[PDB]
Every structure is written in structure tokens, then in C-alpha cells.
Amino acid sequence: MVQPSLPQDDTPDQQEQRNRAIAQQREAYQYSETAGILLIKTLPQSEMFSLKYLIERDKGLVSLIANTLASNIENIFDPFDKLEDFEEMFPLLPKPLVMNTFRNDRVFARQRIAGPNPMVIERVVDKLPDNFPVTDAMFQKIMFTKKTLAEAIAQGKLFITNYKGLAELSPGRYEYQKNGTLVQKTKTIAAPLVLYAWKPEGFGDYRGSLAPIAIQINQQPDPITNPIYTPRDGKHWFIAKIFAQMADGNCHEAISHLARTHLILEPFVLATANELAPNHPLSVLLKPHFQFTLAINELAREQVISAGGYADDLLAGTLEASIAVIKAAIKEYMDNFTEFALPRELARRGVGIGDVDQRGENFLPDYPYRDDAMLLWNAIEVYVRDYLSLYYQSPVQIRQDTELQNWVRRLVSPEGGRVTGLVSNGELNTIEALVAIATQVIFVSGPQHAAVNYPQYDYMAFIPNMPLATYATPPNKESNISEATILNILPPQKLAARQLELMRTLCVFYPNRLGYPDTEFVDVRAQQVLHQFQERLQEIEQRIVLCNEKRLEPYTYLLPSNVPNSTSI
């Protein structure tokens, strides 16, 4: 229980102790890589999960044993017999909230702003992509209007999810034994473009809602082999949405979840261990938000991104392709770190709080993720500022903090995370910059990972709403579509069971709670700051309850009581 202090304010003996501890930690937290991803070489036992954690996780897994025992699904690579079978997969589990309404277009579109991956939709500016040949005829026939695409774009009414990031995926393979021989099959890759429109009148009331307009399943347009489907296409439209959802799933797990929550946090935990003394104010601020992060990332290394792991069996591409996408997302995030602060990232997609019309209202008024996440971001920013100002009163202390300077230097180094977009002028020089960095790290570890992790069961544990891979080509636009066609597009029984398995263990419990660390701060000032953070969190909780009373569907994933303190599951 030592009072935290900057290293340039300690006696030479105290400095010797700090360097001793830092050297020991460097011995314990050594840098390693798997397939070019920065991980820890050996997990320190003090960084393992707790007994409490293990008890909860075990409860989840045993619940999966029981639910499997009560289920009728079989251990086969055959498709299901009936679509209804997908709804009989939860005899002893909660029913995923999306199950009943997933066919509705508004429920399909709302997942762009309140589903597991609210990170893709962007407002169209100037024009649609030239490989997305949507015409005025299509837009008018779907919207039942005389307005043109150009006029709608001029009014900020059109939005788009472009999944070109998945275009270069190599399709995943799978094989099994049937009738004594080895059958080998290949998944189907899709990189769709989806045009949505904001409807202020909505679907028959005074609630404005997002409405899907068009879906091109792949990137290169062709009127016969890759047409533009619309809600007027019936079953084909349905199939189109499936593929779109599949795309959204992959981007969700590779980019939004694994890359930009779990894996980008790792170099920060490791840098904290390698450059900051135990009694350094920054380490004491951040370590509560790193609890179990190294451990859960080791579990991801062993069980998710490993050969035969979840990403291998479930995702669209081969394990190699998926890891390529993950690494590209990590690299883009690290190169432009400060640009991925929540306000700037929302603005860059044209759906920030400042993307308003002439009347002063947002082009996308219904965006629960944006609003709640903004509340959490501002609260965390105030908490971080008030905390760090207790130990940094003038920027010269920032510049003369040797441990903090080595922290930044380790982060931006090629072997320490390659975070080249972390600081300006090649150095950390101001207090506000550190405030922004810590705010973003804490926001990612808690709020962001909550928002991308916990909708996974409600939207991705019911397989037809968001299958992680599709298993048949998109039928020709003129072909007849039977139930067996859709059943062959959706995953076979074994892989659907694996997807449910994954989504259940990832959402089964909350390892900790935002703003409630295990050990309180030795500094009574800091503990007061923590308390006011908790009070503001209660205020935010009540405000979000109030918002949920008037929203179309409640958005519960960013309530402070549902947000972990760290990325830990």
C-alpha cells in the first residue's frame, strides 16, 4: 500500500526499487507473437483468472452440456431438416431476442445501429460507389417516391454498409466422413454492398427508422450473376439479407471484436507492465481495466485463432485469411490510433453528433450505440482528467516522467505494438494528450468491448439471423427458392451448434463491473475521483433507462451495470 508518485519525485533508493520491480515485471511479461499478433510469452500466475471467474465460466460450459443433452441437433455436417429446427436449439437456454422478428426488414436494418457490430454503417456523400449501380428506378420503386438518388444523397438520407474488406478472402474448407469416404467442401464468400435509407415517416407512425433499400451480394456488378436485390425480390431478398448478415458477422468477429477490442489492448497491458512501476499513477489507473485481459487473449490464442479453433470452423474464410483481416484491422487502428477515438470515428463515418442537417438534427437520429457510447466516453474522460491532474499539474512533469516516456517509446516501437499514431512530434509532451490516450484505452476495454461482445448471443446465437459462414452460392435471380435451398445456404447442424456454443460462453456472465475495481486506491484523493465516476455512472444509467422507454427497442448493452471494467470475456 504505497502512495503513487512520479519517478522523478522519488529518492534515489526509491528509484532503485522502482527499477528493480520494473526489471522483474519485464522478466515476467515478455513479448511474443502468434501469426504476427503480439501476445505474451508466458502468462504470470497473478494474471490468471480468479476462482470466481472459473466458477462462472464452468457454469456456462455445463449449461451448454445440459442444453445439448435436451436438444435434437446432431453431430453431423448435414443441413437441418426444417427451418423451424433452428428455433428448437435453446431448450435449456435463453431464447435469442432476435429470433421472432429477424425476418423483418426494420429488424435487419436496426442491427446496423444497435446490433453486435454497430461500426460499419456510413452516410453516403456525393455518390454511391461506381461498382454499386443502383438506379433512380430502383430507389423510386422501393421507396414509393418520385425523389432521385441524387436528391436523397443531397439530403443526407442514404446510408451504406460496404463490405469490400472481405472481398479478397480465400473461402474456408471443411471435410468429413460419409459412407466410408472423405467429402471435402468449400464455404461461399460474399462481400456485399447494402444501401439503406432513413425514413422519417417510418413504417406507419411518427417513429423514424432505418429501412434497407438494396443489396448487391458481391463487389463486381453483373446483371445476371450478381444483380442488385431489393425488398421486391421476395425469397431472393431474404437470401440476400442472409449473406449481408454473414458479412456483418465476419467483420464483427475479425475486425470489431477480436482485432479492435481484445488484440489492440494487449500492447498497452504489456507496455504498462514493462515500463511503469507498481506505484506509478498511470499503471494504478489502467490496471483495473486490464483484469483478465492477458488471460482471455491467451484463451483466444489457444481456442479461437488456432487451427481447429472457433474462427477456423465458423468464419467465412480460411484461418489464414481471417488472421490477415484481423492483422490489417489491428494495423489500421494502431496507425491512426487517435483517429479511432469514438467522436472522431463516428464523424469519419458521417454519423457523429455533429453530422446534422440545416434544421440542426442528426441525419441518423436513431443510433443507440452512438448516444450511450458518447455518455460513457465523456464520463470516462472526466474521470481520467480528474485522476491524472492529481499527479500531473504542469506538462513538464509529463516530459520529465522517464517511465511514461519509455511507455510511449515501447508502444510506438515495432516490437511493442507499433502504435505509430499515438503521439505527435514523436514524443508525449502534454497532459491533455495522455488524458485522451487513457480515455480511449479505458473506453475500449470496457464500453466498446461490452457493446460488441454482449449482443452476440441475442443476434448471433440464433443462426439464421447471422451465420458466420454461408455454405452454398447465391441462387440465380430467376431460380425458384425452396426451403432446402435456404437450408443448404445456412450452416450445417454441427457448425450451428458450434456457433451457439461460442456465443453462449462469450455472453454468460460479467467478470467485473465498470468503475468498481477489486482493490481501491491507496490515495484518498484518487478514491474520491473514483466515487464521483460511480455517481456519474448512476446518472448515465438512469438517463439510458429513460431513453429505452421511448426507443423502438431497448438498448441495454451500454447500461453501466452491464459494462465490464475490462475486456475479460
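Residues carry their position along the shown sequence, with the first being 1.
When the mean C-alpha temperature factors of 143-151 and 195-203 are read from the deposited coordinates, 195-203 comes out higher.
Looking at 556-564 and 17-25 together, the entry lists the larger mean B-factor for 17-25, computed on C-alpha atoms. When the C-alpha B factors of 478, 332, 312, 266 are read from the deposited coordinates, the top value falls at 478.
Of all the options 180, 91, 417, 491, the entry's greatest CA B-factor is assigned to 180.
In the PDB entry, a CA B factor belonging to the middle third of its chain's modelled residues is recorded for residue 47. In this PDB entry, the Cα temperature factor of residue 248 sits in the bottom third of its chain's modelled residues, the lowest group. Among all modelled residues in this chain, the alpha-carbon of residue 501 has a temperature factor (C-alpha) in the lowest third. In the PDB entry, residue 410 places in the middle third of its chain by CA B-factor. In this PDB entry, the Cα temperature factor of residue 365 sits in the top third of its chain's modelled residues, the highest group.
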